[PDB]
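A.B. asks: Sequence, then the experimental structure. Questions to follow.
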Amino acid sequence: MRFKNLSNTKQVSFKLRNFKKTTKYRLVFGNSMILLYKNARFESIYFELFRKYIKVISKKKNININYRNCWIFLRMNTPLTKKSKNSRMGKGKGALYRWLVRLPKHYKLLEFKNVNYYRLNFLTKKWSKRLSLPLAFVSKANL
Amino acid sequence: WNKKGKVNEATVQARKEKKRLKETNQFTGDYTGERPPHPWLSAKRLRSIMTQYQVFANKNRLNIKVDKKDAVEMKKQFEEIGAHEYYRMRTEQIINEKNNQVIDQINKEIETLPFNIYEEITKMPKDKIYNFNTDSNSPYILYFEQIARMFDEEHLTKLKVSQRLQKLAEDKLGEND
Amino acid sequence: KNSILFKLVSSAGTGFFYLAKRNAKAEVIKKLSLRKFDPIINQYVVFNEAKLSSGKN
Amino acid sequence: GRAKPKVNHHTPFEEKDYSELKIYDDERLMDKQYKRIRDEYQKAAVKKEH
RNA sequence: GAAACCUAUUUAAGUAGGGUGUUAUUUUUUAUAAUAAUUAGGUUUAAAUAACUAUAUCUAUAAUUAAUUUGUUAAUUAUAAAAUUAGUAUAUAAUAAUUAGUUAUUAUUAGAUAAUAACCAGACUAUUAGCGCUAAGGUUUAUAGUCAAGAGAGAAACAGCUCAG
RNA sequence: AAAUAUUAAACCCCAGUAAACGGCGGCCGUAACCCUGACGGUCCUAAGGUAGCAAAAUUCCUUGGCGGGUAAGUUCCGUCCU
RNA sequence: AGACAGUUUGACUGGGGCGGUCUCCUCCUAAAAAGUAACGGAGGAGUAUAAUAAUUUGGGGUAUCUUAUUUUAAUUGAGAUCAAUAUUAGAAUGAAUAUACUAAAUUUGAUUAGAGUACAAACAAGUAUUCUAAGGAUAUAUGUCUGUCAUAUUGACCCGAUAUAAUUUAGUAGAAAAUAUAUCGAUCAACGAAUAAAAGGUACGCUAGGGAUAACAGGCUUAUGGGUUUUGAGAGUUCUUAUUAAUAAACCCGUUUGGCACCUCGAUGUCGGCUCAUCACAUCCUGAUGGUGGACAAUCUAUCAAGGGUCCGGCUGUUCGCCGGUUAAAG
Ligand SMILES: [Mg+2]
Ligand SMILES: [Mg+2]
Ligand SMILES: [Mg+2]
Ligand SMILES: [Mg+2]
Ligand SMILES: [Mg+2]
Ligand SMILES: [Mg+2]
Ligand SMILES: [Mg+2]
Ligand SMILES: [Mg+2]
Ligand SMILES: [Mg+2]
Ligand SMILES: [Mg+2]
Ligand SMILES: [Mg+2]
Ligand SMILES: [Mg+2]
Ligand SMILES: [Mg+2]
Ligand SMILES: [Mg+2]
Ligand SMILES: [Mg+2]
Ligand SMILES: [Mg+2]
Ligand SMILES: [Mg+2]
Ligand SMILES: [Mg+2]
Ligand SMILES: [Mg+2]
Ligand SMILES: [Mg+2]
Ligand SMILES: [Mg+2]
Ligand SMILES: [Mg+2]
Ligand SMILES: [Mg+2]
Ligand SMILES: [Mg+2]
Ligand SMILES: [Mg+2]
Ligand SMILES: [Mg+2]
Ligand SMILES: [Mg+2]
Ligand SMILES: [Mg+2]
Ligand SMILES: [Mg+2]
Ligand SMILES: [Mg+2]
Ligand SMILES: [Mg+2]
Ligand SMILES: [Mg+2]
Ligand SMILES: [Mg+2]
Ligand SMILES: [Mg+2]
Ligand SMILES: [Mg+2]
Ligand SMILES: [Mg+2]
Ligand SMILES: [Mg+2]
Ligand SMILES: [Mg+2]
Ligand SMILES: [Mg+2]
Ligand SMILES: [Mg+2]
Ligand SMILES: [Mg+2]
Ligand SMILES: [Mg+2]
Ligand SMILES: [Mg+2]
Ligand SMILES: [Mg+2]
Ligand SMILES: [Mg+2]
Ligand SMILES: [Mg+2]
Ligand SMILES: [Mg+2]
Ligand SMILES: [Mg+2]
Ligand SMILES: [Mg+2]
Ligand SMILES: [Mg+2]
Ligand SMILES: [Mg+2]
Ligand SMILES: [Mg+2]
Ligand SMILES: [Mg+2]
Ligand SMILES: [Mg+2]
Ligand SMILES: [Mg+2]
Ligand SMILES: [Mg+2]
Ligand SMILES: [Mg+2]
Ligand SMILES: [Mg+2]
Ligand SMILES: [Mg+2]
Ligand SMILES: [Mg+2]
Ligand SMILES: [Mg+2]
Ligand SMILES: [Mg+2]
Ligand SMILES: [Mg+2]
Ligand SMILES: [Mg+2]
Ligand SMILES: [Mg+2]
Ligand SMILES: [Mg+2]
Ligand SMILES: [Mg+2]
Ligand SMILES: [Mg+2]
Ligand SMILES: [Mg+2]
């Protein structure tokens, strides 16, 4: 793809038939974090399902905090084109129906600053059961 | 931590507008905001200038020769006339040195002042420092009747008189004279 | 396209020549003329502009 | 101009050991069906070179 | 003892030249393999970040707003220097191994020229990519191997996998 | 050798020919309720499908809507009209 | 005057056709030498220019930001900053910074002839340029210049043509004519170009070949489809799991719509109906049982279970489907 003109230009990107990368995880901003443990195509609904349940944790009524809790760095990278039903092969490439994120192995999905250890372990287990992916939770305590 | 600076569109257009305008001109007429000149000047009087300035630009060393006899005298004349002047000129160089020393002495002392007046002298209005107006005392006026009679020719005085009507036509200091 | 050819002929009657281009839609006042080499004489001479023919059928 | 000179933090036995842990993970995400067929002959030679 | 490759073609199941095969000739190595030295590179590497898309912080200095607790109280803004992080087919200053070129060494035994035939529908597997539901015994390229043109032994039986020639 | 002048049938222009072929409109708003549109304008055309018939041997959506017949009828008859 | 006749009526292609393309340039693909395909992704070219060219000369280094100035800057001064940006005629990559941009003076090297190597390379074609000779420009030249920063910016041969550095034998001499040096003419664009000169129909059809190539069927695949299983938005008086179930997820099956094109192109096949059957169970009824928001009855749901059974008729070519009527049930 090409990030220059996203909306204007029509976009295509090669499917990558065997793409594998590992990026050494380490915390920078905060104390605890969640990290992915497998190369995967991370959808958007994998996030929007359990988006409220993070707000109920990180944000609460009548409480003000100066500093920042969550640091997210997710952006879309893969258009995921496709053909119609009764179409022969050849005669070009398919068209769009979605967008996704191709993530590497060790990816900091989230980075947290003083958030309840007891709930994130209850979250990420349910997260990983819907997704059926291996995910991890890390804290500066155990390390 | 500093990164490169991107371009302003102002520098872009100036680079491009010139190439549109190298062929054309901005000086030619009321394209530029231009008032007409003093009406003493006329279409015929400019041709009086042009027709004779066209002659002066076409002069060279090859349109002209000179007799050696005229030349050898021209040395001793302009050499000795200049010799009087080098004596004169080198005095001004010596004079201006001592003049500037006097300025240097006081500028050291202007620091040695109170708070009130030291503001004004440093922060004077430029209108007072910017006075380039003439006076009744100007050595072109004070010595005009003398100097008009000291020259060898009226033409060399006409070099002055016709010169002013131009400058009077430029600053528009002439009117219906 | 908008271009035209023309041949540059010698002052001498040798008939030797070169080529050049100019655009048709311009309004040039000055025909070309240059100092170039006529190998028939082994000397430079003034060339001048002239007309060029075309192919018939 | 963020650029600052590069640092070899990691000691050499880390990068060896890090490349080894990187396999033990991927070996765990395999399919068992691929893994035994690989491990069926790939053992026998070791018992048959020894 | 081959080929199913390249380049052209009203050409695509055809043909032509190169390339590979055979024979002959010659006081004939412009050769192949292995080891080692050596040169460029810009895939890959990368707690790297110049660019694009997005992005978390700090601060001298210089100022603001409201209220009569206006010699106080309270809330706030901008900024030089400093400065983080994720991503990408068509992002890299820089930078791997192997391959490739040249030289040397060892070992094999061919090379050059001439006369001249066949082939120019390819298949699978391992590694690697592009279209495809990273579906197809699918389709198109690259690097090796085997069938093709090759039996015997092992895979219950098996053109393409292993051992072996 | 080349060029100009002179000119036939035929071709072009023009005229005629529609029981020859062929072809036959749209937009805007309008009447005690939207819709309807006799009418009135509006643009164009060589002219604007007239009479009559019409889910037809002509109907894609269609087993079209209503009625008749049959215990019950995608066909059939009759009837309405994008 | 198709009245009559002789002929043409391109190719590639995931069947063919309709559509689109056909030459040349740049990157990705491309896997650190070079090369590397596809109806793979994207963009471009069929030019411009006698100064935008050649030799000398001068100027601020360019660009970004702030600031001050006889308010002015040919292109002011000062300061900081810039993994080389600004630009370099047009697409893209690459590279240069003595680049590039700008001002100016002289000028036509964007000249002629002859020899030769190297890269690349089937062929032909194309590319870079040193050396030798003549005749010039620049101007300390001591030297530099044989079009533009580069790569695309086009076309063979034949025929014919204008000017000409050279020769001539259809008996001889000339004319005519042929050839030679320089040079011009094509969307011959199907761009290696078969001709100066070219469209369609065949349900009246023929022949030679092909499973190298299609429709039914088999086979592989299973996006789709159907079903099981895990999770449980939201209904159910409360209440996720009596009943119900969105969403997300892990496997199975091979009955639908399709993809590929491995078998058959050297006598056959298409749906439906009559007759005749056989198999699975993911069971419509009967038979057993758990659960229940199950009083009884009727019913809903799940499990075990294949013994035997599972309609006639009207319209339609019809499986199906609607309708009339029924049955323990009309799988
Ligand atoms: Mg042998
Ligand atoms: Mg082969
Ligand atoms: Mg051809
Ligand atoms: Mg053939
Ligand atoms: Mg050959
Ligand atoms: Mg050979
Ligand atoms: Mg590099
Ligand atoms: Mg870093
Ligand atoms: Mg800063
Ligand atoms: Mg990163
Ligand atoms: Mg890359
Ligand atoms: Mg062939
Ligand atoms: Mg082939
Ligand atoms: Mg092949
Ligand atoms: Mg093939
Ligand atoms: Mg495959
Ligand atoms: Mg295959
Ligand atoms: Mg095939
Ligand atoms: Mg064998
Ligand atoms: Mg065997
Ligand atoms: Mg072997
Ligand atoms: Mg009629
Ligand atoms: Mg009518
Ligand atoms: Mg009807
Ligand atoms: Mg009826
Ligand atoms: Mg009727
Ligand atoms: Mg005929
Ligand atoms: Mg005819
Ligand atoms: Mg014939
Ligand atoms: Mg064809
Ligand atoms: Mg097709
Ligand atoms: Mg390469
Ligand atoms: Mg790669
Ligand atoms: Mg190939
Ligand atoms: Mg194009
Ligand atoms: Mg230039
Ligand atoms: Mg200069
Ligand atoms: Mg400056
Ligand atoms: Mg260029
Ligand atoms: Mg460019
Ligand atoms: Mg030339
Ligand atoms: Mg070579
Ligand atoms: Mg060649
Ligand atoms: Mg070229
Ligand atoms: Mg040059
Ligand atoms: Mg020809
Ligand atoms: Mg004779
Ligand atoms: Mg004669
Ligand atoms: Mg032709
Ligand atoms: Mg051709
Ligand atoms: Mg061709
Ligand atoms: Mg070619
Ligand atoms: Mg008929
Ligand atoms: Mg036949
Ligand atoms: Mg089939
Ligand atoms: Mg299966
Ligand atoms: Mg599915
Ligand atoms: Mg509720
Ligand atoms: Mg709930
Ligand atoms: Mg086949
Ligand atoms: Mg079969
Ligand atoms: Mg046959
Ligand atoms: Mg047979
Ligand atoms: Mg059962
Ligand atoms: Mg049964
Ligand atoms: Mg019994
Ligand atoms: Mg009847
Ligand atoms: Mg009937
Ligand atoms: Mg019924």
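C.D. replies: Nice, thanks for sending it over. Numbering: from 1, shown residues only, chains lettered A, B, ... in the order given. Ligands and ions are numbered 1, 2, ... in the order given.
A.B. asks: The residue of chain B found nearest RNA strand G in helix, strand or coil?
C.D. replies: Using CB to the nearest atom of the strand, the single residue of chain B nearest to RNA strand G is residue B:5, 2.2 Å away. Quick note: C-beta positions are derived from backbone N, CA and C, even for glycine. Assigned with DSSP: H, G, I helix; E, B strand; the rest coil, residue B:5 falls in the coil class.
A.B. asks: So it versus residue B:18, what's the distance?
C.D. replies: Separation of residue B:5 from residue B:18 (CB to CB, to the nearest Å): 23 Å.
A.B. asks: Those two: which is more packed in?
C.D. replies: Higher neighbour count among residue B:5 and residue B:18: residue B:18, with 9 against 6, using other CB atoms under 10 Å in any protein chain shown.
A.B. asks: pretty sure that one belongs to a helix, no?
C.D. replies: Yes - under three-state DSSP, residue B:18 falls within a helix.
A.B. asks: can you pull the contacts of residue A:39?
C.D. replies: Residues in contact with residue A:39 (CB atoms under 8 Å, 6 or more residues apart in numbering or on different chains) are A:19, A:20, A:21, A:103, A:104, A:105.
A.B. asks: ok, now with 10 Å
C.D. replies: Applying CB atoms under 10 Å, 6 or more residues apart in numbering or on different chains, we find residue A:39 in contact with A:18-22, A:102-107, D:26, D:29.
A.B. asks: Just the closest of the residues you listed to residue B:69, please.
C.D. replies: residue A:21 (97.5 Å; CB to CB).
A.B. asks: What is the burial count for the closest residue to that closest one other than its chain neighbours?
C.D. replies: Once flanking residues are discounted, residue A:21 sits nearest to residue A:104: 4.2 Å by CB to CB, 6 or more residues apart in numbering or on different chains. Residue A:104: 15 surrounding residues under other CB under 10 Å.
A.B. asks: cool, residue A:105 as well?
C.D. replies: Residue A:105: 20 neighbours (other CB under 10 Å).
A.B. asks: Any residues of chain D in contact with RNA strand G? List them.
C.D. replies: For chain D, the residues in contact with RNA strand G (CB under 7 Å from any atom of the strand) are D:1, D:3.
A.B. asks: Around the closest residue to RNA strand E within chain C, count how many other residues there are.
C.D. replies: For chain C and RNA strand E, the shortest gap (CB to the nearest atom of the strand) falls at residue C:57, measuring 23.9 Å. Counted with other CB under 10 Å, the neighbours of residue C:57 add up to 2.
A.B. asks: From chain A, how far off is it?
C.D. replies: Using CB to the nearest CB, to the nearest Å, one gets 46 Å for the distance from residue C:57 to chain A.
A.B. asks: ok so residue C:45 is a strand residue?
C.D. replies: Yes - secondary structure of residue C:45 (three-state DSSP): part of a strand.
A.B. asks: filter the contacts of residue A:39 down to the ones close to RNA strand E.
C.D. replies: With CB under 7 Å from any atom of the strand as the criterion, the contacts of residue A:39 include A:18, A:19, A:21, A:102, A:104, A:107 near RNA strand E.
A.B. asks: Around RNA strand G, pick out the residues from chain C.
C.D. replies: For chain C, the residues in contact with RNA strand G (CB under 7 Å from any atom of the strand) are C:1-3, C:5, C:13-23, C:26, C:28, C:30, C:32, C:34-37, C:39-40, C:42-44, C:52-57.
A.B. asks: if we go to 6 Å?
C.D. replies: Chain C comes close to RNA strand G at residues C:1-3, C:13-15, C:18-23, C:26, C:32, C:34-37, C:39-40, C:42-44, C:53-55, as judged by CB under 6 Å from any atom of the strand.
A.B. asks: From those residues, which land in strands?
C.D. replies: Among the residues of chain C next to RNA strand G, DSSP state E puts C:18, C:19, C:20, C:21, C:22, C:34, C:35, C:36, C:37, C:43, C:44 in strands.
A.B. asks: Now that we have those, can you turn them into a markdown table and tack on distance to RNA strand E and neighbour count?
C.D. replies: Shown next, in a markdown table, are those (distance: CB to the nearest atom of the strand, whole Å; neighbours: other CB atoms under 10 Å in any protein chain shown):
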| residue | distance to RNA strand E | neighbour count |
| --- | --- | --- |
| C:18 | 36 | 13 |
| C:19 | 32 | 9 |
| C:20 | 35 | 13 |
| C:21 | 32 | 8 |
| C:22 | 37 | 14 |
| C:34 | 42 | 12 |
| C:35 | 46 | 8 |
| C:36 | 41 | 14 |
| C:37 | 41 | 14 |
| C:43 | 48 | 9 |
| C:44 | 46 | 11 |
